[PDB]
C-alpha cells in the first residue's frame, strides 16, 4: 500500500569495543559505527520523511567528546545514558544514512537525526524517496571505578526513531524503529 512502510531496527555491537587498557566521566572507547539504509521501507508511494530519535535510558549527566569516527571537527556535549551496569554508561550520536550528513550528538530529550535542518525548521524533511535510514555511533563511558577483567553488558534498547512525513496518512501511523545496543563482553585491563 501507498503508506505501507514498516520499521526495522538499527543495531550497534558491544563486541566491537577494544580492550580498555587503563578520572570520571571519561570515554573508554568507541564501538564500530553501524548503518541501516532501510530503517523504514516498503510503502509503494515515495514520501518526504524525517526521523526523530528519543533516547529511553536513564540520563546520568553530560560529557564533552569528539567521535574519532564521523567528521565533526569540534567536540560536543553528549548525554551519558546508563547501561545498567555500575560504572558504565554510553553516549550516542546518529546521522543521516549518507556520509555527508553530520553526526548529531544526542544531548536533548529528542532530536531529529536527519535532516538536521528539522531541529530548527519544523517543515523540513528529506527529499522524496522510498526509504529512511541512518548511521549509529556509540562510545562507552566510565562513570566510576571499573574492576579488572571481563564485564557482561546486557542488550539494551537505546531509544526509538519516530518516522514523520508531510503526508498526513503516513505521519499519523507513528511508525517507530528501535535503536539497539547488542550486548556482549568487554574487558578492562588495569
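Residue numbers count along the first chain shown, from 1.
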item: Of 118-126 and 156-164, the stretch whose C-alpha atoms average the higher B-factor in the entry; value: 118-126
item: Given 84-92 and 109-117, the range whose Cα B-factors average higher in the PDB entry; value: 109-117
item: Of the residues 17, 170, 21, 179, the one carrying the largest Cα B-factor as recorded; value: 170
item: Given 135, 145, 50, 68, the residue at which the Cα B factor reaches its maximum; value: 68
item: Entry-reported Cα temperature factor of residue 6, expressed as the chain third it lands in; value: middle
item: Relative C-alpha B-factor of residue 41, binned into the chain's lowest, middle or highest third; value: middle
item: Third of chain Cα B-factors occupied by residue 34; value: lowest
